[PDB]
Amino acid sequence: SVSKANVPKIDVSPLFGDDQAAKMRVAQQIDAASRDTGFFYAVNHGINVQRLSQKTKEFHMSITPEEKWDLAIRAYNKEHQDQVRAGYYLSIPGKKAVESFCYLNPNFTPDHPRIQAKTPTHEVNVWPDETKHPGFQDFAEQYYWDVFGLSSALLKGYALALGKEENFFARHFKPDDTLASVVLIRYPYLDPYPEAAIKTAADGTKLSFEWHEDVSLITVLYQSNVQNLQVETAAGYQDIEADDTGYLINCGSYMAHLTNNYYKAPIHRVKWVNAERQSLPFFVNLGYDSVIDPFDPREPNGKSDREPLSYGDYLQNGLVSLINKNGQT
């Protein structure tokens, strides 16, 4: 049968401090995980994930069909042509079980020059009515900055792991322009569960979401305590154990590009499980014009012939491709 992936628990707390050797020891653990299955759990991360789960559940479980249409992305509501990324992603009973709510940088307002210029991938977030959902927007925006702070620290770990100065990635990850997103995903319990919402992998495994590489620099994921993720290895898919106290971390394909695939973007998929649960990714994206010069840590001179890829073009191309390959979520 199906083996279990080695997903080490890494105490990331030194990355918030000034003990440089302790940070190097974290970096070594990140390097090792990134060169093996590509996943690790960040522990001692400083975020109240219990409050995150509770507030998210309160939102998912209290929003009405009317509110969902009013917040829907353009894939579900033609009136909302400016909502490609941010908003509500509806379930379709009998056909599509998952639903979700995506939001972007709270600093994208009508005053922001990327909104004024109508640059692709930048949108103003949409929110439900505050009195129907008291505290939800406050919680969600606070959470964005809490996970931004964790992610910055993790990026310092990744930079050190690759032999760079600690700000090599983080200097491009800024509150004024980050394209990072939070998605609050509900995977429901359904009885009967409609087979139309279940995909069958080549290997026979029943899936809710097919294999993919993440469109991100890194991905910083909370999930409730229901095992579902699998990572591809040469010997087949391996189960990633759940941990509802930590953050599951992995690289996306922008990291693979800039490291000449030294830190691969691990291919992974979501098993079908008939259980009520949450999947709350934070996709760590840079700014639209951010460019990291590629390098090859395998080569003595570190030189890579790969082209510098602008983050915004990478993101626009990647989000569209992922919809085409794995379906509109």
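In case it trips you up, residue 1 is the first one in the sequence shown, and so on. Under this definition, the rigid core comprises the largest set of C-alpha atoms superposing within 1.5 Å between the forms.
Checklist entry - Do you reckon 297-305 or 277-285 strays further from the shown form in 8 other deposited structures of this protein, measuring C-alpha RMS after a core fit? => result The answer is 297-305, which departs more from the shown form in 8 other deposited structures of this protein.
Checklist entry - Mean CA B-factor: is it higher for 187-195 or for 232-240? => result Mean C-alpha B-factor is greater for 187-195.
Next on the checklist: Mean CA temperature factor from the deposited coordinates, higher in 154-162 or in 116-124?
Outcome noted: Result of the comparison: 116-124.
Next on the checklist: Can you tell me which of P281, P65, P266, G46 has the maximum CA B-factor listed in the PDB entry?
Outcome noted: When the deposited C-alpha B-factors of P281, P65, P266, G46 are compared, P65 is largest.
Checklist entry - Can you tell me which of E210, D82, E99, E213 has the highest Cα temperature factor in the record? => result If I rank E210, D82, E99, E213 by C-alpha B-factor, first place goes to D82.
Next on the checklist: Please say which third, lowest, middle or highest, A22 falls into when its CA temperature factor is compared across its chain.
Outcome noted: Answer is middle: the recorded C-alpha B-factor places it there.
Next on the checklist: Quick check on the deposited entry: does the C-alpha B-factor of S91 sit in the lowest, middle or highest third of its chain?
Outcome noted: Its C-alpha B-factor, which the entry lists for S91, ranks in the lowest third among residues of this chain.
Checklist entry - Ranked by Cα temperature factor within the chain, is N301 in the lowest third, the middle third or the highest third? => result For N301, whose C-alpha B-factor we compare with every modelled residue in the chain, the answer is the highest third.
Checklist entry - Should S53 be placed in the lowest, middle or highest third of its chain by the C-alpha B factor in the entry? => result Lowest third - that is where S53 ends up once the chain's C-alpha B-factors are sorted.
Next on the checklist: Can you tell me whether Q29 has a C-alpha B-factor in the lowest, middle or highest third compared with the other modelled residues of the same chain?
Outcome noted: Bottom third by C-alpha B-factor.
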